[PDB]
Amino acid sequence: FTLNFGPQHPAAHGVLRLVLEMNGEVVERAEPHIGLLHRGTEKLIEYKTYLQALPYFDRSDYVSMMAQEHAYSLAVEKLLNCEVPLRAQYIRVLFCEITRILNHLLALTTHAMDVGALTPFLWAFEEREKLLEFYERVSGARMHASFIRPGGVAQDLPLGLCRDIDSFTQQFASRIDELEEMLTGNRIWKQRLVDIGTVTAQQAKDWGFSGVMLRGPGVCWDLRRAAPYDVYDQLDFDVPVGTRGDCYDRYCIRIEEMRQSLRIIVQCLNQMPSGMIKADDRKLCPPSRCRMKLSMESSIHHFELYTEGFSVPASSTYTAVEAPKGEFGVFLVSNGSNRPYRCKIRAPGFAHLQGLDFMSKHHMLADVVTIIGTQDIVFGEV
Amino acid sequence: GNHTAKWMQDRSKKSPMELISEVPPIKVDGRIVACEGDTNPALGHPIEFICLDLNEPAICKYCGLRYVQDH
Amino acid sequence: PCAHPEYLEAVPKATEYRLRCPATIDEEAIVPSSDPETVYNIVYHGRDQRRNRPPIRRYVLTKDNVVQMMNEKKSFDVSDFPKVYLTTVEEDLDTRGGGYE
Amino acid sequence: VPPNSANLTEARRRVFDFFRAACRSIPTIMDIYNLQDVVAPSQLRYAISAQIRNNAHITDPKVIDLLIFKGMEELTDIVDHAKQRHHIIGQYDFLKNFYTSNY
Amino acid sequence: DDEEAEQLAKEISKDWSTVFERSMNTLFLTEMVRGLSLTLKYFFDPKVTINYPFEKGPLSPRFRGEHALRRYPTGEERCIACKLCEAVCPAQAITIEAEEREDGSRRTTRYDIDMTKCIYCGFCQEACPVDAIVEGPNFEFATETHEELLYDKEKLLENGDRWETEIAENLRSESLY
Amino acid sequence: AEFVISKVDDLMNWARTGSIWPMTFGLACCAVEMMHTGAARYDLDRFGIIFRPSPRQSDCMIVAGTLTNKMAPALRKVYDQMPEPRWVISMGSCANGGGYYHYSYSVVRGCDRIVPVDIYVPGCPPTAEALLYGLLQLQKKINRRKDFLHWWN
Amino acid sequence: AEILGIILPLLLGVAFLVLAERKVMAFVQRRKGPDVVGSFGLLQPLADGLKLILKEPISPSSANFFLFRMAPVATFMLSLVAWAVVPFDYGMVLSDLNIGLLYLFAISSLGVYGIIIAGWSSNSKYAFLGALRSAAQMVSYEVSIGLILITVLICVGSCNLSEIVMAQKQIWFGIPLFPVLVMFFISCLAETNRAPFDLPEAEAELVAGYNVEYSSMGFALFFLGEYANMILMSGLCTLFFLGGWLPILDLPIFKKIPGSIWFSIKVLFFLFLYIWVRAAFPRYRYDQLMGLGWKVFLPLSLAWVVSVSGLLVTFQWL
Amino acid sequence: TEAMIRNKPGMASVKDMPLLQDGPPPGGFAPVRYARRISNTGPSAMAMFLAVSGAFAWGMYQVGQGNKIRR
Amino acid sequence: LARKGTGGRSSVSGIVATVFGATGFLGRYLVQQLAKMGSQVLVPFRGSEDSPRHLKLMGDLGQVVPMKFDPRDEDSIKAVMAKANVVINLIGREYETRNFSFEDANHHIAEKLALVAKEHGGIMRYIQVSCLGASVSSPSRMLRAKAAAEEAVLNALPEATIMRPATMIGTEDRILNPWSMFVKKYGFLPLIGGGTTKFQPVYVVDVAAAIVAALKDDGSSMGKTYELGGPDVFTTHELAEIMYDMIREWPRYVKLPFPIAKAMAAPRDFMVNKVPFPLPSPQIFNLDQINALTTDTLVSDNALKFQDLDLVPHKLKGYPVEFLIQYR
Amino acid sequence: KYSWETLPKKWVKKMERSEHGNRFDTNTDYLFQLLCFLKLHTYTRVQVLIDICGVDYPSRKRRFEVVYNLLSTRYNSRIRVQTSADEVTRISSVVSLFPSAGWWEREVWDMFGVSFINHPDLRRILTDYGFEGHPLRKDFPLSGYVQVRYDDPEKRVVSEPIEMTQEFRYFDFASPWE
Amino acid sequence: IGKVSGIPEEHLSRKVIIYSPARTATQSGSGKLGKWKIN
Ligand SMILES: NC(=O)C1=CN([C@@H]2O[C@H](COP(=O)(O)OP(=O)(O)OC[C@H]3O[C@@H](n4cnc5c(N)ncnc54)[C@H](OP(=O)(O)O)[C@@H]3O)[C@@H](O)[C@H]2O)C=CC1
Ligand code: SF4
Ligand code: SF4
Ligand code: SF4
Ligand SMILES: [Zn+2]
């Protein structure tokens, strides 16, 4: 018995087009259909410079924007050998972590709105509209902040942003507590989530989950502890790791990972060195407006970096960061030219949404939206 | 003008060419000027050093402003 | 009787927040571009990163080389083995810093 | 399916296999997409045969394997309601060019 | 194993005056009354809402909204036709054609940003050498018809003169970065 | 006189402009911005806008995100089952016009190729207020309908 | 007759309950609800209505007019006729039936027909099975409401609703049988669908879960029906358990004690409780839901009939 | 350049450039809480059962006395 | 014309048309042909701006420019035909409306557009669309008016093509869609006059393909009144036989003598009397459509057919009638 | 590296790198056999197929290069086994070893055309349903061949005609002197 | 490998020109030579 389970609530899971082969109410197999959001991203990037390539990444995962620009930047610094300053690293993490918070605040309470709890959605989205007052203030666009450029980061924080991020972090433990007091204790929540989509660790490894769905099963594997790719080796934070694997562990993790991300934000705030914002290598970082206008040699680079590009040397690397969805890695083959060459984007949600087939076997049809909830399936990456 | 008749169809607001051809040329001292832009060297064009050896005013290519030697 | 242990008193409504609106330049930021040691010393080939790298050394192995290597590898003693990334789980409630970071 | 086409013989064998499959599947094609009135089974067999014959001059076995795979893909997406029907009905001298364009 | 796991996870809470605690917290729905109480606290608290047309959300001088071609204080469009923004544009929205005007100084005969084919990433504002193209904080230009949304060659992007009073402010405050 | 017709059109338009429930084809991030425009700060339930989860009963359809060539038939099939006094809002550059992906093979060059559009919310990630202003422009498009005066020709 | 004076104000009550729910459930979410249409959204219900009325049909289909064009009429007529016996104040019941309560039980047993028929006439297998699931839920929390009413009936003498609200002059049955009010509310939540218990009413599965031919009138009538059934099943948690129209009896000098105003205040409390409890709690999945009406609210309802019968038989309190 | 963009009149040297950018105040920010401080200071298991059972014993006695008055 | 392109949807065809009846059943196919072969279309609409919305697509970013105009007020028709070289006229009604009478909607407009196009010297091809058999002394006042329209568009503007499409079938048509939704009166089809009428319907796509084919043609097809008949000369009963093949229903016709019908359509003919209320557009029973139904003059004589446009019409079975499946 | 000593020399056939992530450019025949190694091995335990990156080199003779990434959650290392298969060479599928390879190989076949051997359900995952052509190749034009889709008299249907759009402007930024 | 490549028929009868782009005469630098391109 085949059922074309589509997007239950649009605007939350946009193009979800599962084709469930059911058995009464018990689902026997879930066959997701991809491509409804397949923009030509892995082709369009081959046609544009390494700078023009960056805006696609904030548009790859639309609920955790800067994590993908941070995964791309670290793939055009893996090749460029472009050492970025300490302040660029600290800002880059303070925003990758603000993005982890922006994602878990959505991927928890959009999940909690698919399950049925209507209010956590709107509380978490007031919180997200506080964090977009930081995105929009530091770069310009509330969602797609093309801000974490290859060398360092686009431009320094405004002169009042750390004070505001602090005044937000002080009041954010309470918001997590409310999102938690409203959902963690509920017997209507546990019942809707405990023993739902349980993934034994061998399955989370096999299906390349590598995210909050690889730390549910108990595999202690965070690419901020495994492969520290910034000040992360300096910052202190504990990676919460589940013990059962059910969608109630992944929720409890995403609601603790939203507190450890608060620890990382507070650290990045309390220790942010007053250094240069971009790599001093002005052939990888366009010089400031003031310098390119006054200096002829800076003007030449501002011209050959906003038209030509880097021309990062010939290589091929797989740089993977811990994006909120999971291990978002961008395999970036680079022909010597200024344009990338098959900038393949390993995006979790392409490996997670595979897991829907075995996660939601023998679960009731109303659980198939809870699974899609805890996978944090955002179809931009799929 | 005719070039300005390609992008502007208003023809009531003065054409930028006239707005810059009606500003007087700026007297200066030396033989080279800066014309960094409006006033703020960071909100104007890249600094363009103009030569004033000729008698006629030498326009700044980026801003249209005109400079004369003022000996 | 709820999640208010004199700590939710940090409430969401701020009412004094972004007190200095962004486009108001009370303090003019500086945002250093280059380190002071690299302002009047613009030698680049030392600082270069794009092109200052050893060239790719792609040398071929023929059967002789690999049979030599297999015969040279007499035994796989410990420390010729990849180390395990040891990670165990350990329950902790709020002990890191006392809940205050 | 492994490319057992180490020769044109196995490839031709599986070409005939795919041809028999498409022919014996024409019933469901006519049913799901309602061509049993516009098109005759003779005509659909004619079209499938003209397809398999239009690309008959392929001395390469692997290219024939891939052609049969594309054909099986097309069929499987026609059998099920994956693609629509208004194309299936469509799937089934110099001067007169000069007057129109320059190409 | 799940059978033994259940037996043990239920033999953990197996001492009187603990079975009673759990029974009175699953019968007098007590986890749920802490949900209702929080929900009430938020029912009575002030509302984080904004009656939009009259007051609007906070922005920043770096905010990227409607593209505006700036002008030099003394008229003269700031846009010398270098085509750097046409080059840097990721979506290739800007189409620039250049002609030496009769005055002799280069200028763009055609400067058409296609807003629909535009990602509002601010690359044009960065790439332009003289700050000729900047994004005005407008962001309120929803158009009834698509053809209007294609911003014409240097005529509608020349409406930035109205927004110059705010664009000049944002630039005077952002240029420090 | 005609005044009664003018007021009955004002009334019909006030209804259709007060309660305008859109089937929010929230594909991609502009659905995340649309969710912020439905969220606590910029209420859309204030202006009557109630995000319907079904095309059956909906006055509008705020298509957002990249309309993929594969989600084009589904968008058209959804638009064909809205009740006739329907409108469509394109939100984001990818939905209104070709956008960042204008030249992508799999991306339609703007939903204006599938559904007839009535208000294009501009800006690739429109500010939540910008989508809100696009809807406050759709409200104007309603207030300029006067369908009764046209039924009387 | 005077049935207009109980249907028209109830129609206005339902129309303004759609707004009361949106607005209260919005205030909960830290946001003002419908607030532009009227002075405070007060005209928003009229806007929703006048919009649904002016929406052209998707297909006329006036041919099939006896099958499912009178089934929403039936559901709504039942939800409205169960209002006769509900007394708003002493001698304000429209028809004091000496078996009033059992008549409400029968009206529910016919609402089951309403749902089943209006779901079967929708020739959609998914929507029909959804309507059947919703009917089985509405009828499985009806044995629990039945036994809860048998409790509040043992406490009272007769089924006469005016007596059940007159039998509380000493104390409301909400104070001694509070555990029962919680079970009647959590059942009235589940008998009607609007609840933590609304998987058949999961936002999408509801619209595609009642009919195929909407034409707007069907959509409004189902929601007008659900909101009247809700005003009713909240006007029962306030007759039986809360004092139907009884004050706290302190007899204040400031308060002249109107009856219908007290009944109104209490039914407002229970409507606000419907909303609050829709906001703050996740859905039950209809597979734990049916396993909560049988395995949780039937044993805990049977026990209560034996407890309130025992404790009233031993000590002659009957 | 970079010594003509960050002036600081004087300074005798390329170091000691102004360098005024955003950061934490001297001494860092306050210690921010991140743990879950959910206060369980409500009515206990008892006191909730004994409030309920006290009511279904005195309130039921009141129901009985009200039944006596009504009879 | 001055064509610079390859196909359409971004090409140019030098045809900046003003399809006067674009917001109509024939108009949506003709506009799609003209704007899919890549040519501008200045669709003028009469009332609600929602009328030509379904035409803002099918044309690439200004290839279809819907414009507002009042039918009785010129200086607005001249504004719609300001920048135009082709002017097709699809403005016609089958039912008298209290405001616009049969002549004021079929003849006194086509003559008016003809004159105001003549004045606007530059309209290369002016196509005039009227029903087949619309010759004077035809019973239906719609056809007498549509004949006077032809005679006044040719006189006031020679070399003006005149299509004569017979009843056109297709989606959202006025011939089959009223019969269905009256089969929804329990299979009861009231074929009037006993189905002795002989009329040649035609797939509306092919009428559009002919209207565009007289534009792409050379100097010919100017002043030559075609007759876009179609294949398979049918009878009303026989055409109804094909509907019941698509919509799954059992043929349950009845015969209606013409007096019975004209009495059943005697109401809705007081249109000029009932001023304070417009009547609901008589769909199936139209006294004038019935007067036309009487005499089977709706057959293509030796006048120009589709064959004189290198064009052959589609049939009326299969896809060109598959819009009826939505009634099953 | 330990992995190269134990691995049969024939399996790492063509190439081997030693930075930017190490790779074993192997042969298509020994691939799933090589993927069987590095997994289910005590000292090399990958277990996690992170990614399968098709890469198209038009100037090669074996056009494509199916780059299998592999993470080793145990030893915390990442190896990138590669291959090389042209347009008509069915390559071994590793969905049997790492079941995540299912969708990645569907995408590699869809984008490129590198059919996978004994891969169950090898069906176009990303591109349109009636899609003909393989996008992420090099010779596939950006705007696609026939990929405009508009509504028309064929109501409720979006056609798939030949494509026409504002010409993608390719900018020749690449400068001499590299 | 033309038919399996999914390219439409009308674009496999195309006539191409396999040149090697000459050096841009304006700039005397050979860093873009030796890259044969189908035209
Ligand atoms: N339908 C048929 O079966 C047949 C029709 N024809 C002829 O084909 C042409 C188009 O047919 P079709 O589109 O179906 O016809 P419709 O009756 O649907 O009308 C089509 C167009 O005519 C316009 N129109 C009609 N009367 C007036 C008026 N008084 N003032 C302004 N505009 C007016 C309509 O404007 P609006 O939409 O705003 O009312 C619409 O744009 C007409 O000449 C018709 O007689 C030929 C053969 C038979
Ligand atoms: S922001 Fe500027 S550069 Fe970027 S796409 Fe838009 S117009 Fe082009
Ligand atoms: S806007 Fe800037 S980049 Fe574009 S042409 Fe003008 S000066 Fe050059
Ligand atoms: S237009 Fe921009 S913001 Fe909108 S969906 Fe597309 S990429 Fe996202
Ligand atoms: Zn100047």
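Residues numbered from 1 in each chain as written, not as in the entry; some residues may be left out. Chains lettered and ligands numbered in written order. Part of a larger assembly, values for the part shown. Heavy atoms only, no water.

As deposited, the entry is annotated with cryo-EM as its determination method and 3.8 Å as its resolution.

(A) Fine view of the site of ligand 4. Taken together, A:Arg59, A:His144, F:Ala28, F:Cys29, F:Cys30, F:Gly65, F:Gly92, F:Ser93, F:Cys94, F:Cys124 and F:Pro125 make up all the residues around ligand 4. Chains contributing residues to the immediate surroundings of ligand 4 are chains A and F. A per-class count over the shell around ligand 4 returns six nonpolar, four polar and one charged. (Near = heavy atom within 4 Å. Nonpolar A, V, L, I, M, F, W, Y, C, P; charged D, E, K, R; others polar.)

(B) Quick look at a nonpolar patch on the surface. Where nonpolar side chains cluster on the molecular surface, the patch consists of G:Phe65, G:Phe66, G:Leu67, G:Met70, G:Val73 and I:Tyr186 and spans about 600 Å² of accessible area. One can find G:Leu67 in the loop between α2 (44-53) and α3 (71-81). (Patch = residues over 30% accessible without salt bridge, like charges linked within 9 Å, V, L, I, M, F, W, Y side chains within 5 Å. Areas by Shrake-Rupley, 256 points an atom, 1.4 Å probe, with all protein chains shown as cover. Salt bridge = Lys/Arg side-chain N within 4 Å of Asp/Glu carboxyl O. Helix = DSSP H or I, 4+ residues; strand = E, 2+ residues; numbered from the N terminus.)

(C) The arrangement of unusual backbone geometry in detail. All names here are of chain I. The phi torsion at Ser 137 lies on the positive side, around 70°, for a residue other than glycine. Tracing the chain through its elements places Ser 137 in the loop between β4 (125-129) and α5 (141-156). Relative accessible area serves as the criterion here: at 68%, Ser 137 is assigned to the exposed category. (Buried < 20%, exposed > 50% of the residue type's maximum accessible area, 1.4 Å probe, protein only.)

(D) The site of ligand 1, seen in detail. Residues and elements named next belong to chain I. In the vicinity of ligand 1 there are 22 residues, among which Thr 23, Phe 25, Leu 26, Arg 93 and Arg 174 approach most closely. At 3.2 Å, a backbone N or O of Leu 26 approaches an oxygen atom of ligand 1. Between ligand 1 and the protein, one listed contact pairs an oxygen atom with a side-chain N or O atom of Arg 46 at 3.3 Å. With the chains in place, 92% of the 870 Å² that ligand 1 exposes on its own is no longer accessible. Of the residues belonging to the shell around ligand 1, the class tally is 13 nonpolar, five polar and four charged. (Polar contact = N/O pair within 3.5 Å; in protein donor to acceptor, adjacent residues only side chain to side chain.)

(E) Looking closely at the coordination of the zinc ion (ligand 5). All names here are of chain B. Ligation of the zinc ion (ligand 5) by protein atoms is provided by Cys 35 (SG), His 45 (NE2) and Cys 60 (SG), these donors lying 1.9 to 2.3 Å from the ion. Its relative accessible area of 5% is what places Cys 35 among the buried residues. We classify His 45 as buried; its relative accessible area is 0%. (Donors = N, O, S within 2.8 Å, 3.2 Å for Na, K, Ca; no water.)

(F) Molecular detail of the sheet that holds strand β2 (residues 47-53) of chain J. Residue and element names in this part refer to chain J. Spatial strand order, β1-β4-β3-β2: four strands in an open sheet with mixed pairing. Strands with a single pairing partner mark the edges of an open sheet, and in this sheet they are β1 (22-25) and β2. The mean angle between the axes of side-by-side strands here comes to 25°, regardless of whether they run parallel or antiparallel. Against the sheet, helix α3 (residues 101-111) engages β2 and β3 (67-72), with an angle of about 10° to β2. (Pairing = 2+ DSSP bridges. Axes fitted to C-alpha atoms, helices over the stretch in contact; angles between N-to-C directions. Contact = heavy atoms within 4.5 Å.)

(G) Structural context of the sheet that holds strand β3 (residues 106-114) of chain E. Taken together, the three strands give an open sheet; going across it, the order is β2-β3-β5 (chain E), and neighbouring strands pair in antiparallel fashion. Every interior strand has two partners, whereas the edge strands, β2 (94-100) and β5 (150-151) of chain E, have only one.

(H) Summary view of the interface of chain J and chain I. With eight residues of chain J at the contact, the number on the chain I side is 16 residues. Between chain J and chain I the total buried area reaches about 950 Å² when both faces are included, carbon and sulfur atoms providing 63% of it. On the chain J side of the interface with chain I, the three residues burying the most area are J:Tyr150, J:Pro153 and J:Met164, jointly 62% of the side's total. Between the two partners, chain J and chain I, sit one salt bridge. In this structure, J:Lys155 engages I:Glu172 in a salt bridge whose closest nitrogen and oxygen atoms are separated by 3.3 Å. The tally of links from chain J across to chain I stands at one residue pair in polar contact. For the side of chain J that touches chain I, the per-class residue count stands at three nonpolar, one polar and four charged. (Buried area = accessible area lost by both parts, 1.4 Å probe.)

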